[PDB]
Every structure is written in C-alpha cells, then in structure tokens.
Amino acid sequence: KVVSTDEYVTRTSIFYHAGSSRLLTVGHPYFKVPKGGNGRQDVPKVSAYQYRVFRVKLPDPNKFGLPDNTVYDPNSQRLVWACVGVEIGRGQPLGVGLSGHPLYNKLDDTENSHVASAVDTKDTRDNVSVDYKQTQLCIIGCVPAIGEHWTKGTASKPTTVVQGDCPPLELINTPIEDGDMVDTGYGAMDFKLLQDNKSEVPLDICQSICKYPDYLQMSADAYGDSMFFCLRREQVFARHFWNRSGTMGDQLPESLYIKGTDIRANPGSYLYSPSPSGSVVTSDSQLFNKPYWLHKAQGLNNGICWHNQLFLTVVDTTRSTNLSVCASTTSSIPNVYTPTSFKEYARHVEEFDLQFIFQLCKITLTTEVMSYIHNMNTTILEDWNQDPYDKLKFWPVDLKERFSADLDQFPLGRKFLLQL
Amino acid sequence: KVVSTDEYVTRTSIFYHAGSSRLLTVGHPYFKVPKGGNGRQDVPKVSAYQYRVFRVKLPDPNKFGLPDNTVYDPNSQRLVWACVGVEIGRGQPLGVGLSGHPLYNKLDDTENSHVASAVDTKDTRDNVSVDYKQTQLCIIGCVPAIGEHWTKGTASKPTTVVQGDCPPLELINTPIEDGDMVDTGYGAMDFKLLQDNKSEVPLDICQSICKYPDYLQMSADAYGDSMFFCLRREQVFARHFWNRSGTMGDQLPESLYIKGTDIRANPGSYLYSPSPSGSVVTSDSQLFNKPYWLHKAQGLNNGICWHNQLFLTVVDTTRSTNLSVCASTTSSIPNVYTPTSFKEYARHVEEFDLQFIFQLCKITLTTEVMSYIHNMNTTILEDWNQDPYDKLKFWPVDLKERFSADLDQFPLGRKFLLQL
Amino acid sequence: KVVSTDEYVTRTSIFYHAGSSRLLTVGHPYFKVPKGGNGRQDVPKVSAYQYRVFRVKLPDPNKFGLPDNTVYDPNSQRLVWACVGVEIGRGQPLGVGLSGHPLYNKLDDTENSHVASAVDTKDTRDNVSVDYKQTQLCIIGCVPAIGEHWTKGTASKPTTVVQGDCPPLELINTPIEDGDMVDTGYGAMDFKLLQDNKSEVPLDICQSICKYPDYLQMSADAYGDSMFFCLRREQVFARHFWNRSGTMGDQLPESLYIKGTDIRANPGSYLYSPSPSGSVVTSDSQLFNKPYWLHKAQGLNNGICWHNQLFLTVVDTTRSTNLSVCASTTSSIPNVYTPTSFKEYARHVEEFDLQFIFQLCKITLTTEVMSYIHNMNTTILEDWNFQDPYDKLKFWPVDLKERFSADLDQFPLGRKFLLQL
Amino acid sequence: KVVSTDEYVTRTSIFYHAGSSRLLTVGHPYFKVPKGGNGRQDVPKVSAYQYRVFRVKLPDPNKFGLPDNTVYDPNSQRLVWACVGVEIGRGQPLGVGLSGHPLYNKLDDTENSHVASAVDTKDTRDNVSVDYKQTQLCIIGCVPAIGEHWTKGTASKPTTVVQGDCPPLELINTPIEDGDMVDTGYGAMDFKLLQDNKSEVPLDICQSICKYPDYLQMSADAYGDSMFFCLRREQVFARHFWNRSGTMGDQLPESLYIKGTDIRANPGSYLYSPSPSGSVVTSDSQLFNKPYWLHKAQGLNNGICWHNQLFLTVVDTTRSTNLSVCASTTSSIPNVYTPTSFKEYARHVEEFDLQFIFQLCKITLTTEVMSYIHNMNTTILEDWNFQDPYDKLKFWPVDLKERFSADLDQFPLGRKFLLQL
C-alpha cells in the first residue's frame, strides 16, 4: 500500500529560489535542414508545436554545505528537495503561424463548393497550408511525463494479411521527450507508420509522431511521480471541409444510398478530413508568465523531487509566428524585383525563463520507512547512504549553481514572499 | 545585495496631482512624407502601431519651495518623488485601420483556393492590405523600457559565407523610444536588415524595426527601475493564408513527400505566411481611460522617480482608424467624377491625456545607506548634495509647473481621494 | 478654487418621479426627403446613428407650489432639483441596419483578391453598403455635452498653397445637438469639408459631421456641469479591405519598395480604407432599459440641475433595423411582378421613454457662498431673487414641469428607487 | 390612486403544484397547407418564430372544497390564487432552422461583390433563405400581453394622395395571441399591408404581422396585470448585404454624390436590407427548463391570478430546426434516384411542459377595499358573490382545474420549491 509523502517527509522553513537565465532556440519550423560543412552548422527543427521537456538538475541537499548541522543530523535523517513554486516565462510576442504542404492530399471542397469538381486521374494534390489547433499545457514531476499515441499494431494472429489492407491500430504509452510533436488537430498518431501517402498532413508532422499526455494514466499512477501539477487549455475548430483522393479501402455499404440512373456510378470519395484552426490567440487565455504555487499535489508524491531532479513538460502554441528572412542572390540588388533573385528562408524562435521555489525537507530513516522507500525505489536509498533517462532526449537545465536563499532578490521570490 | 526601497525611503502624507493638457499628433500612417519647403512643412510618421514613450520631467522636490521645513531637514534627509497613481487618457474613437503594400509578396492562396494557380515566372506581387494584430500595453518606470528584437547577427565565424545564404539571427535588447514600431503579427525583427525584398510586410514596417518589450529581462532586473508597472493585452489570429514567391533557400527534404509521376517536378513554394488580424475591438477589453493605483511594485524600486523623471511607454492599437482627406485638382470641381481630378491623402491621429498622483518622500542619508545609493547611481548623490537619455528620442512632458496639492480639483485627484 | 456641490447644497428626503410619455420619431435613415406640398409633408433624416440630445425642462422648485413653507424659507434659502435616478427606455426590437452609397470609392479588393483588377481610367465606383460600428453611449448633465471632431483647419500661415494639396486638420469641440451624426467607424471628422469626392463614406455621413464625445475635456471640466454621468460601450472590426481610386497626393518613398522589371511601374493605390462592422448585437451587452442611480458624480457638480434643466445625450445603434415599405404603382396589383410596378421606401423608427427620480435640495445663501455662485453663473442668482444661450442649438424638447409626482410607488422607476434601504 | 396587492391580499402557507402534461404541436413551418378532405386534415402553421400564448384556467379556490373552512370564512373573505413558481419545459433538441422565399427581392450584393452586376430589366428575384434573429422571451400575467407593431396608418388628412406614395406608418398596440409572429430581424411591422410586393421578406412573415412586446407600455401599466414577470434574451447580426429592386420612391438628393461622365444615370438601388442571423445557439444562453420564483413583481399586482386564470406568453427560437420528410412516389423504391420520384415535405415540432407553484391567498372584503376592487374590476366581485372579452382572441387553452396537488414533493418543481424553507 502506497502512502502519502506528507506522513514520512517533514518540511522546513528553508526556502530557495532557483532559476535559469533566458533560454532560446532558433531553427526551421517544419524540418531539420542539413547544410554540408564543417559538420555541422545546420539549423534544427524548432516548432511551436513541439514538446519542451526540461530536465532540471538540482544540487544534492545532503552534499549542500550551506545550511548548518542544526537543521538536521546525517545519522538517521536525510534531505530531499520539494518543489513549492513554479513560474514558466515565455518571451516572444503572441502570434499565429502556418504549417503546410505543397502536395497536400486535397481532392474536392466538400463544404459548399459550387466552383467545380476535380478529376481523380492525375495528381490532384494542392498546395495547402493550415494553422494548427491551439494547445497550452504544463506538467511538473520528478519522472518524465507519459504520453499516448496510436501506432501500426503488430499482426493480430500468425495471419498473412494482404498488402494494402488497413493495419491494426494499437495505443502506446511512451515518455514525452523534448522535441516530440503535439496534437495539432489531425489526431495523436504515428503519421510516418500509418500514412504511406506522405501527403495527408503538413510537413510539420507528416513523418513524425503526435503525442498527447495520458492524463488518465498519469493521474491513476500509484505514487504520482509522473505528474503532480498539470494545466491544460486547448481549442480547435473545423475551418474547411475536404476530400481525400485515393481508392477507398472500405466498401461503402449499398444500404446507405441510391445510385441513380447511371447504375455504373462510382461512389465519390467518402473519406472527409477537416482543416483544423486554433481561432484567436489572446493574452486573456494565456496560461504562462504567471506564478503557480503547489500546495496539494494530485498524487501521493506531494512535489518531492527524488534524486534531486525535476521534469517540466510544456507546450505553448500561442507564439507560433514565423520569421521570414530573405537574402538577395546578387551581391547588391539591382533595383528591379524578380523572384529568381531572392532566396527565402523560414525561421522560428522559442524563448523561455524557468523559475522555481524549492523547500528543504527532512526524512527520518526509520524502519517501515526506508523499507517503504526501498519498495518504492531502491536507487533512492542507493544514492543516499548509471541513469535510465539519458536514453531519452531532454533540454538540460543545471540549477546547482543557481540556488539562492535571498528570495527578495528575484521576482518569483518576492511573489512567494507574498505568502507568509 | 540590492535592498527594497521600502526599507530606506520613508513616505509622507504629502500628495500632489500632475497632469499634461491634451497631447495630440497627426501625420502619415505609413511613412514620413517629405515636402520641399521652406524646410520643412513635412508630415511625420504617426502610426497607431508606434510606441509612445513620454519622458515626464518632475520638479525637484529639494528645490521645491512649497513644503515647509517641518516635513524634512536638509541636513541628513533629501526628497524624491514616488509615483502612486496613473491614468492614461485616450481621445479618438475606437476604430480599425489598414496597413498595406502595393507590391506585397503574395504568390498563391493556400487556404482552400479553387480559383486558379499563379505562375512564378512573372512579377507575381499583389496589392495587399491587412489589419494588424491588436495590442494594448503600458509600462511605467524611471528608466526607458527594454525591448527585444531579432537582427542580422554578426558573421558566425571568420568564415566566408555564400551570398544569398540565410544570415544569423541575433536577439538584441534596445531602449524603446517614441516612434518605434510594435510587433504587428509578423514577429519582432529588423525587417529592413533581414528582408532585402522590401516586399514581405506592409509599408508600415517593411523598412523599420518591430520591438517587443522584454518583460523577462525587465522583471529579472536587480533594482527594477526599468519597469515597476506593466499592463499587456494582445490578440491576433490568422485571417488569410498565403504563399511567398522566390527561390526556397532551404531544400525541402525528399523524405517528407512523394513527387508523383513527373519525377523531375519542382516542388511548389513551401514558405507560408498568414495575414494577421486583431479581431474585434471592443470597449469591454479597453485598458486605458482608467485609474491605476500603484501600491506594490514588481521590482524593488516601488515607484520612486529617481532624478525627478518618469518614463511612460504606451501602445494602443484600438484607435487605428485612418482619416482619408481628398481635394479636387480643379479650383472648383466640375460636377463629373474622374480619379485624375481628385488627390487622395491618408492621415492618422493620436490623442493622449496623462494624469499622475505623486507622493513626496524622505530619505535619511545615513551610512550604509547613501553608500548603497552611491553604488546604485553616483549621479543621484551628484544631483543632490549631461544626460545619457538625450541620445534617444522621447515625447517630452514637462510637469515642473503642473504639480498641485489640491487633489479634489482634478478627476484623478478625486478618484484618488476615494482611497482613504 | 471650485468647490464640491456636496459642501454648499444640502439634500432633503423629498423625492419626485418625472417621466416623459412614449417618444417616437420616424423618417428616412439616410437623408431628408423633401416633398413639394402643401408645405410640408417631408420626411426628416432619422438615423439610428444620430445623437439624441433631450433638453428636459423641470419645474422651478421655488415656483413649485406643492411643498409647504416648512421645507425651506425664501429668506436665506433657495431650492434646486438634483438628479438621482435615470432609466432610458428603448422601444423597438434589436436589429442591424445597413447604410450605403451607389457610387462608393472602392477600387480593388486588397483582402486576398484573386478575382480581378479594376482599371483606374473609367468610373470604377461600386455600389457598396455596410453596417456601421456599434455604439451605445449616455451622458447626463445640465449643460450640453461637448464633442470633438476633425475639420478643415484654418490656413496654416499667410501662405498660398496649391490647389489639390492636403488641407490642415484642426480638432474642434462643439456642443452635441440632437440630430448630429455619431462616429460610425470611419472616424470623427467633417466629411463635407475634408472629402470633396462625395464618395468616400456612405450617404449617411458623406455630407455631415461625425462627432465623438470629448470625455477627456468634459472630465477635466472645472465645475463638471457638462457631464456628471457617462456610460459608453462601443465595438467594431474590419470586415473588408479596399482600395481608393484617385491620384495619390503623397509620393510613395522609393526606399520602401522595388519597382520590378517594368521600370515605369506606377505604384498601385496605397490608400486603404476598411469597411467597419459592429459584429453581433445582443441584449446581454444592452445598456438601456435599466435603472441607473447617481450617487457620486465624476465631477464636482453632483447631479445638480442648475436652471431647472437637464441635458440627456444618448446613442443607441443596437436598433438600427430599417423598415422597407413598398407600394404598387397600379391602383390594384396585377398578379405579375415587374420592378417598375413597385415603389420602394426606407423608413427608420426611434422610440424612447425617459424616466427620472429627482431630489429636492436646499442652498443656504450665505456669504462666501452666493459670491461663489455669482462667479460660477451670475444668471443662477439673477434667475432667482438675491434670454437663453442654448436656443441657437437644436434639441429634443421634453417638458416635465407638468409631469412631476411624489407618489413614487405609482411608477416602475419609482418602485425600483424605493428599493434602497 | 392604485394600491399594491400586498396591502389587501393576505397570504397563507397553503401551496399547490399545478402542471400540464407534455404539450406538442407539429405542422408546416412556413404556411398552413390545405388538403382537400374530409375537411379538414390540413397541417397548421407551426413555426419556431410564433408566439405561444397559453391561457391557463385555474380552479375556483372559493369553489375548491379540499381545504377546510378554518383557513377562511365565506362571510367576509374571498380566495384568489397567486402564482409563486414557474418552470417552462422545452423538449426538442437545440437547432437552427431556415426560412426562405423562392422569389426573394434580392438585386445586387453590396458587401464587396466583384463577381458581376445584375440588370434591372428582367425578373431579378432570387431564391433566398435565411436564419432569423434568435429570440427567447417569457411574460406571465393575468391579462394577455401587449405587443406593438407598425401598420399602414390611416390617411394623413382627408387628402387625395397619389398612388404609389409611401403610406403613413402608425404604431399599434394589440394583445399578443397564440400563433402571432415574432420579430425575426426585419422589424416588427405589418408585412401584408406595407409590402404589396409579397417578396421583401421570407414566406414565414411576408403576409403576416411581426409583434414585439411593448415592455415600455406594459411596465407603465397602472395595475400591472399585463406583465408581472418578464425574461428577454435576443441576438442578431447582419450576415449578407443586399440591394432591393424596384423604382426608388425617394429621390436621392444630388448634394450627396457626383454623377461622373455619364450624366445620364439612374443611381443604383440605395435601399439596402441585410439578411439577419441569430449566430450560435448554445445552452449557456438557454432561458427555459429552469425554475423561476416570483417574489416581488414589477408592477403593483404581485402575481395574483384574478378570475383564476394565468396568461403565459413565450417565444423560443433556439429549437427552430425543421424536419424534412420525403416519401417516394412509387409504391416501392426502384433502386435508382430521380428528383421526380420523391415528394418532399417540411414539418416543424414544438414541445412544452408547463409547471407552476401557486399560493392560496385571502382577501377580507372590507369597505375601502372591494370599492377599490370595484374600481379595478367590477367583474372580480361579480364573479364572486358580494360573457368574456378574451374568447374573441386566439389562445392555447390549458385547463388545470383538475391538476392541482398539495403534495409538492411528488413533482420536480414542487421539490425545488420545497428547497426554500
């Protein structure tokens, strides 16, 4: 039976402020662009619809040599940091940005099109852009957050299935790493494995995986390490209605329509996919640049940062504007414009400023306790008196050299001083 | 260690009202229009998407001969003004105004266009206008506000890079001057330096710099002089989706699409830029014509106007309507309309009414103190017992002759009297 | 130094209800239509985008013969009415109405138009209608409200300026009269003087003046008589983006663009004017048909109706629907439709019901006082006992001298006012 | 002088629940469709934009023999029902429905049309549909509610006026009957009398009268019998801007435009009428299926149901969806579709469930009283023992004489009312 951490982890009045400086990353919004070097001066994939997963490394409170031996005795008690306050800073202005595909699979406008109807024979793929679904999310833990997505499931039985048949769909949970793609309005699935077309979704995701946080699984967690603070806020609507070209794998049952006089009529495409849209982005609906104080966690782990680390997953699509930089191909432009004399580049920018208020805590290593900690994580006692998470990609944030007890010297520290 | 001003600046019950008369400026909304004089009767660039930065000069409270020697002694105490109340008046009615470009780089409509498809060869630049993103912001300090913007960064290494390559992007902080351009929905960057096209954004900004206030930097300030009062409220959405003509500098990775039967086909333009829009302007979301009382500042400087000055940065795009004035070319119009017999002019108007409630304060010039003031700003003691801000352009507001102790004689003064 | 009226005007518990009957006016929404009579059966200009400025005349409380000599003595005291409650009744249903122009100056669609491009030579003026910006405002005073608008300013210097140049713009404050045009989304200016085109804005305003209330000036007023109660609520957005035909008076600086291959290229029209729109009209955002109680005013005059009069400025564009009445040209209709056999008329309707709760007040005619009143308005004491400047302006007269009643429970606003405990 | 009913009507703790079962009506949404019978198996006009006015008949509390004679004595006291709680049940799901006209008078699109321009010569009438303005309203009284509308006023003078002139517009108050048409966004007027075209508004209203509740008149009522409970919530916006064909009855003043080179030019149609729209229908803005408790009424009559009746006017346009039922013309379907082999019918449905909580009250028939009641309504005493003007009007009869019950906990509204102790 798992026990709340408020019963065997006593808290103190020792508070510290920790904060990284300004973090920023620029790159291409759609894909990694390799440039032959001198490997490498390439630009990375920096999309506003990417998960930002910061691995915040904290100083060992037992190795911490600033507090005096009056706060605790290293004979039967050990220290561990507990997170109390969090402020996620976002820098760039609010904006909406587009993601598209030159060969998007758009057959016919199925909404109220009186223009014409397209012939299926040739390559009926139009150059289509779209503004994705708007998503703001924030998850704080000591273990990377768990996300779900749909993948091409393994064959049901030892059964040979025909090529071109619909594969089985399997839901899969995976740890959310920095750089993963968020749900953008086309669903949370493996577009690389389930769409051989390479033309159903924009370039942002057409060869990537869209993951959605498994709030149901992380909230049903026994210990609650995956998520003890969660803020979600998403919105989307259907902007345009479209048709998908390609032979229909599912036969339209003849019970549902009447063919008309031409009893040879091929039924039109009946696979409809809408263009998502995130509507208006307003600072009234903003979810960051605000202090959030964790008192009671959702799980039994009440904001205790085991192994002196803290995982912060964050998605913010309210600053998706894209910089368009263009450079002339002639050394100096002749005062005449021709499209061949300008190179066009699209760059995207992300800016963060993480701030935290941590609280020092004691753990009296009794029996019953410690054995409970052993059944929880043997490596907790082992690290007291290798790493499985380096196989995943995170944004490292080292705060061992940034802890400070002078809370009034920092904005989040002052806002926390309005809590006595 | 920096110390809060509430520990070494004692406050008094002496309150004064200060206020400018109506301030207004008219001009051209897009660019400075030179007219050969009699130099010069030109109209200036007066756009609703410009930063308005007022440099409010206050009378020296030590040289002020209105208070009696009972409030302080000029032996160990000196006076300084502290800002308590602010009301920013806006005059013109609410309206939405357009900003455009006759040669805007619009290739193809990617938002479900079934009209046609444009050929890239010829000059495919359309006459495009747009209503910018809606922005209301207000920052009060004693130091000019700090803004961020992206510029053509210096060469990465002592490396010869080919002409037409994408230049490095560098984020830069600069003091926000009166007349600077705000973020309009295309990002905060140097459009003059990063777009040799002179055709990616409307005439408002195609040769200017869009700055966004660096709230992250100003809030993390040690002393907090840059910003001790901040109100932001911005909104924007993507109205129309467009394509940019010009050769793509970044090669579209062939892993992300399938070329179709014409295996030697150039992929269409995949640089998508939306037209921003500020949606509805309503007086419910209005942010000015309201009294704001500063009690606790965000930083350690709690509204203390060092050097008897106060910097007010304000952006209000909710009054962006543009007057269209036209005059007949004939002395008296013949009652027949032809476009050649009428000259069309576009003029824009800005109207303000600044109001303030200041509080007189004492500073006991002890040791420990005063040396702290010396480490803060030697020129503070120097002015008690040149200018670094004259390099920047501000809107001068002289209030040395505008202070009044009869608070009940003024609107902001009465609203402040409802605070006892 | 001006002094608050709460320091020299003591209030009493005597309260009266005053109210006009139903007021209504019909007419044409765009322009006055003269009809030769039998002068005259003409229809006036009755637009939902017109200022409604009522001059409410109140009975003289000193001349009032209802109170007994116990409430005051006419030796050292004088009476004056003080406004306490107001309810503005609006009658017609909520609706949106259009205002347009057959020859609107619309050159090209600049809002993502792939349709075509218009030739500038010929008359490239389209028949364009638009729903104006939505505006609700209400201002109560004893002096007509002050509005601002831009006009063709006086000549800058003793300077000969070329014909066709842009005239100087001058901001002007003027009293807002009944029938004046409100800001409709094109700005507050004199379209008749600053637009010789007669084609930049719809017929509603193309030869009129759009005024916006100068809240900044009226709030900075010394006495605060112009406005001691103000409720504003406006909304608008840009619906369509357009181009203006006509030669550009300001040369586009060549630093801002690249001309292209045809080095001869005339820059397209770069004077952009959007079509305003007031979005949805809903009764949730409604601002009238509600009681409003004046306790503390914004200015020093705390709702005191000097000279026993009260000016009520109101704008309500949430009932801008236009009735279309059509009559057959034949005496009895032949059961066949032809556009020539039906005459079409557009009529607009406004319905109000003004309601007020006034409070009787005393003014002890001391020294210091009375001299203060004399420096304020000599005509206040002169009109007491120890011509009119406003008859030059057009108002909607509301005579309530015969409409005062002390039986508050007999009226809705009176009952709602009795709920104050 | 009228007196509040709380001064001569003492209340008791006796409470009853009264409620009709589910009421529903189906029919055609646009017009009465006659079918030759066996007269008649016709379908009636059942539109979501119709006033639903229920005439609720209550049992005579003096004739009621369930309470014992300890509560009152029929010697100097008489009984009267007073309404305390009301819940109006709506059944069908929320939906939006269209109303249109095959021969709608739509000339040109004035909302930024660069497609083409229509010639006025031929029959320029398009098939146009529209979703009306959204309106939810509820008025409870003991006298039928009063509505207003504009009608063809009587001739201005005994004057011979030319045929084709605009008739005078007269505002008229009428009792709101069940089946009357509501304001739909084209105004509250008599479309049959002021539009000989029969083509300016959709078929729903082109030959009907749209009435709007005269809140100004009913609230200024002396006794307050017309309306002692009122909930309104309406919204509308302009979706499309159009032009009206037909010769312009009002001459466009030449001061407002410049004709251009072709000084031979009839100004294009300058009568602009927008298509209304009720925007989104959401249950957040829903106004029914909720209990409403009447404590203080707006008028002096505090929810007292004189003559043991209660009038409920209600409009709900948030369920305006229309069922489309079609039946094949062949006895059994050939598996081939042709438009001639299917008959198409449009049917609309309304579902209600009225619920009430009434309170028994006593009236001691003193002098001063009773004489006041006599001056109020002689028929109140006459109907006691100390013809009908409303059957000339059309109402929805709801007989609740056999539906009163004192076991409040047996009904939902009764339980919610028991949550008030």
# chains A, B, ... in the order shown; residues from 1 in each chain; ligands from 1
>>> select_by_dssp(residues="range 75-284 of chain B", states="strand (DSSP E)", output="PDB file with C-alpha atoms, in the first residue's frame")
ATOM      1  CA  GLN B  77      17.412  63.975   4.522  1.00  0.00           C
ATOM      2  CA  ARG B  78      16.658  64.518   0.843  1.00  0.00           C
ATOM      3  CA  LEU B  79      13.397  64.432  -1.094  1.00  0.00           C
ATOM      4  CA  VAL B  80      12.334  62.289  -4.044  1.00  0.00           C
ATOM      5  CA  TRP B  81       9.018  61.830  -5.833  1.00  0.00           C
ATOM      6  CA  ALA B  82       7.203  58.490  -5.688  1.00  0.00           C
ATOM      7  CA  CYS B  83       4.569  57.542  -8.254  1.00  0.00           C
ATOM      8  CA  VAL B  84       1.246  56.403  -6.764  1.00  0.00           C
ATOM      9  CA  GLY B  85      -1.467  56.886  -9.386  1.00  0.00           C
ATOM     10  CA  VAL B  86      -1.559  56.929 -13.179  1.00  0.00           C
ATOM     11  CA  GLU B  87      -4.415  57.478 -15.639  1.00  0.00           C
ATOM     12  CA  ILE B  88      -3.661  57.407 -19.375  1.00  0.00           C
ATOM     13  CA  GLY B  89      -6.320  59.217 -21.391  1.00  0.00           C
ATOM     14  CA  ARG B  90      -7.092  58.210 -24.969  1.00  0.00           C
ATOM     15  CA  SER B  99      -1.759  48.909 -43.458  1.00  0.00           C
ATOM     16  CA  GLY B 100      -0.683  47.581 -46.822  1.00  0.00           C
ATOM     17  CA  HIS B 101       1.740  47.364 -49.735  1.00  0.00           C
ATOM     18  CA  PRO B 102       1.075  47.624 -53.488  1.00  0.00           C
ATOM     19  CA  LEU B 103       3.800  45.060 -54.219  1.00  0.00           C
ATOM     20  CA  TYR B 104       3.194  42.519 -51.447  1.00  0.00           C
ATOM     21  CA  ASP B 126      -0.342  41.652 -55.491  1.00  0.00           C
ATOM     22  CA  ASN B 127      -1.622  44.832 -53.847  1.00  0.00           C
ATOM     23  CA  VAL B 128      -2.375  43.599 -50.325  1.00  0.00           C
ATOM     24  CA  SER B 129      -3.627  45.367 -47.198  1.00  0.00           C
ATOM     25  CA  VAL B 130      -4.110  43.945 -43.712  1.00  0.00           C
ATOM     26  CA  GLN B 134      -4.365  44.194 -31.682  1.00  0.00           C
ATOM     27  CA  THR B 135      -2.043  45.334 -28.885  1.00  0.00           C
ATOM     28  CA  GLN B 136      -2.539  47.390 -25.722  1.00  0.00           C
ATOM     29  CA  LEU B 137       0.447  47.783 -23.421  1.00  0.00           C
ATOM     30  CA  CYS B 138       1.616  50.174 -20.715  1.00  0.00           C
ATOM     31  CA  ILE B 139       4.923  50.299 -18.824  1.00  0.00           C
ATOM     32  CA  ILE B 140       5.861  52.888 -16.186  1.00  0.00           C
ATOM     33  CA  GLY B 141       9.374  53.378 -14.870  1.00  0.00           C
ATOM     34  CA  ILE B 146      13.884  47.499 -22.624  1.00  0.00           C
ATOM     35  CA  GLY B 147      12.638  45.811 -25.769  1.00  0.00           C
ATOM     36  CA  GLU B 148      13.851  42.806 -27.747  1.00  0.00           C
ATOM     37  CA  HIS B 149      14.041  42.237 -31.486  1.00  0.00           C
ATOM     38  CA  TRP B 150      15.813  39.982 -33.961  1.00  0.00           C
ATOM     39  CA  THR B 151      18.503  41.457 -36.203  1.00  0.00           C
ATOM     40  CA  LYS B 152      21.051  40.248 -38.733  1.00  0.00           C
ATOM     41  CA  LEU B 169      19.617  35.806 -36.300  1.00  0.00           C
ATOM     42  CA  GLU B 170      20.636  37.642 -33.126  1.00  0.00           C
ATOM     43  CA  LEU B 171      18.282  38.746 -30.360  1.00  0.00           C
ATOM     44  CA  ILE B 172      19.005  42.305 -29.223  1.00  0.00           C
ATOM     45  CA  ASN B 173      17.760  44.479 -26.360  1.00  0.00           C
ATOM     46  CA  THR B 174      17.355  48.207 -27.026  1.00  0.00           C
ATOM     47  CA  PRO B 175      15.679  51.098 -25.197  1.00  0.00           C
ATOM     48  CA  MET B 181       7.283  50.146 -34.255  1.00  0.00           C
ATOM     49  CA  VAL B 182       5.479  47.492 -32.230  1.00  0.00           C
ATOM     50  CA  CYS B 210       9.443  45.869 -34.648  1.00  0.00           C
ATOM     51  CA  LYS B 211      10.281  45.714 -30.938  1.00  0.00           C
ATOM     52  CA  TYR B 212       8.549  43.688 -28.230  1.00  0.00           C
ATOM     53  CA  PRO B 213       9.061  44.584 -24.544  1.00  0.00           C
ATOM     54  CA  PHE B 229       4.139  48.784 -13.555  1.00  0.00           C
ATOM     55  CA  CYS B 230       3.117  46.728 -16.585  1.00  0.00           C
ATOM     56  CA  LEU B 231      -0.203  46.034 -18.324  1.00  0.00           C
ATOM     57  CA  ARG B 232      -0.299  43.955 -21.506  1.00  0.00           C
ATOM     58  CA  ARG B 233      -3.271  42.755 -23.553  1.00  0.00           C
ATOM     59  CA  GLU B 234      -2.774  41.494 -27.109  1.00  0.00           C
ATOM     60  CA  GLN B 235      -4.782  39.366 -29.522  1.00  0.00           C
ATOM     61  CA  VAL B 236      -4.343  38.127 -33.087  1.00  0.00           C
ATOM     62  CA  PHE B 237      -5.489  35.380 -35.458  1.00  0.00           C
ATOM     63  CA  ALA B 238      -4.668  34.212 -38.980  1.00  0.00           C
ATOM     64  CA  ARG B 239      -7.184  35.668 -41.440  1.00  0.00           C
ATOM     65  CA  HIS B 240      -5.803  34.554 -44.821  1.00  0.00           C
ATOM     66  CA  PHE B 241      -3.120  32.025 -45.755  1.00  0.00           C
ATOM     67  CA  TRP B 242      -0.627  32.933 -48.476  1.00  0.00           C
ATOM     68  CA  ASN B 243       2.495  31.759 -50.275  1.00  0.00           C
ATOM     69  CA  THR B 247      13.559  30.533 -54.610  1.00  0.00           C
ATOM     70  CA  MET B 248      13.488  28.411 -51.466  1.00  0.00           C
ATOM     71  CA  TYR B 272       3.673  30.058 -45.804  1.00  0.00           C
ATOM     72  CA  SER B 273       2.921  33.427 -44.194  1.00  0.00           C
ATOM     73  CA  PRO B 274      -0.533  34.322 -42.812  1.00  0.00           C
ATOM     74  CA  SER B 275      -2.218  37.702 -42.794  1.00  0.00           C
ATOM     75  CA  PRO B 276      -2.612  38.717 -39.129  1.00  0.00           C
ATOM     76  CA  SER B 277      -5.786  40.234 -37.743  1.00  0.00           C
ATOM     77  CA  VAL B 281     -12.024  45.957 -30.955  1.00  0.00           C
ATOM     78  CA  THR B 282     -14.425  46.417 -28.044  1.00  0.00           C
TER      79      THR B 282
END
>>> interface_residues(of="chain A", to="chain D", cutoff="12 Å", atoms="only C-alpha atoms", output="PyMOL selection string")
chain A and resi 254-265
>>> interface_residues(of="chain A", to="chain B", cutoff="7 Å", atoms="only C-alpha atoms", output="PyMOL selection string")
chain A and resi 33+89+91+93+95-102+123+127-130+198-199+203+206-207+279-283+321-323+325-329+331+338-340+342-346+409-411
>>> closest_atom_pairs(of="chain D", to="chain C", cutoff="6 Å", atoms="only C-alpha atoms", output="Markdown table")
| residue | atom | partner | partner_atom | distance |
| --- | --- | --- | --- | --- |
| D:110 | CA | C:128 | CA | 4.6 |
| D:164 | CA | C:329 | CA | 4.7 |
| D:185 | CA | C:95 | CA | 5.7 |
| D:194 | CA | C:325 | CA | 5.2 |
| D:195 | CA | C:326 | CA | 4.9 |
| D:196 | CA | C:327 | CA | 5.6 |
| D:233 | CA | C:283 | CA | 5.8 |
| D:234 | CA | C:283 | CA | 5.6 |
| D:235 | CA | C:282 | CA | 4.1 |
| D:236 | CA | C:281 | CA | 5.5 |
| D:237 | CA | C:280 | CA | 4.7 |
| D:238 | CA | C:96 | CA | 5.9 |
| D:245 | CA | C:339 | CA | 5.9 |
| D:246 | CA | C:339 | CA | 4.1 |
| D:247 | CA | C:343 | CA | 5.0 |
| D:248 | CA | C:344 | CA | 5.2 |
| D:249 | CA | C:343 | CA | 5.0 |
| D:257 | CA | C:198 | CA | 5.1 |
| D:268 | CA | C:102 | CA | 5.4 |
| D:272 | CA | C:98 | CA | 5.8 |
>>> closest_residue(among="A:311, A:49, A:389, A:8", to="residue 361 in chain A", atoms="only C-alpha atoms")
A:8
>>> atom_distance(atom1="CA of residue 71 in chain A", atom2="CA of residue 13 in chain A")
10.1 Å
>>> atom_distance(atom1="CA of residue 292 in chain D", atom2="CA of residue 421 in chain D")
15.9 Å
>>> residues_around(residues="residue 188 in chain C", least_positions_apart="5", cutoff="8 Å", atoms="only C-alpha atoms", output="NGL selection string")
(:B and (92-93)) or (:C and (148-150 or 182-183 or 209-212))
>>> atom_distance(atom1="CA of residue 296 in chain A", atom2="CA of residue 11 in chain A")
13.5 Å
>>> residues_around(residues="residue 32 in chain A", least_positions_apart="6", cutoff="8 Å", atoms="only C-alpha atoms", output="MDAnalysis selection string")
chainID A and resid 42:45
